[PDB]
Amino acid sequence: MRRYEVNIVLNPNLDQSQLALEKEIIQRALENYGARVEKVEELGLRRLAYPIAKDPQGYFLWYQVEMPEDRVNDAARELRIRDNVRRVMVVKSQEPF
């Protein structure tokens, strides 16, 4: 297994209720692909490098996970289908918590 950082940007107009749901779905998907979720951070609202879905900002979520490298891409695709997920970026962990 390898340790990765998953950066997710969500629709910025969700209320705390919808937000919590998206988080559970993300967690379940990562775990269904063999991931051990080590740390989860809610970063909040940021101005995006470029607008997505016509929105100039997004709600950021960060995850540190350990999972099979052969499943990373499949997991990322799964995450990208959700309508409220605007952007997904997976990088190899360099300085883990």
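All residue numbers are counted from 1 along the displayed sequence.
For the pair 84-92 and 10-18, the mean Cα B-factor is higher in 10-18. In this PDB entry, residue 46 carries a Cα temperature factor that places it within the lowest third of its chain's modelled residues. When the modelled residues of the chain are ordered by C-alpha B-factor, residue 64 sits in the lowest third. Residue 35 sits in the middle third of its chain by CA B factor, as recorded in the PDB entry.
In the PDB entry, a CA B factor belonging to the highest third of its chain's modelled residues is recorded for residue 53.
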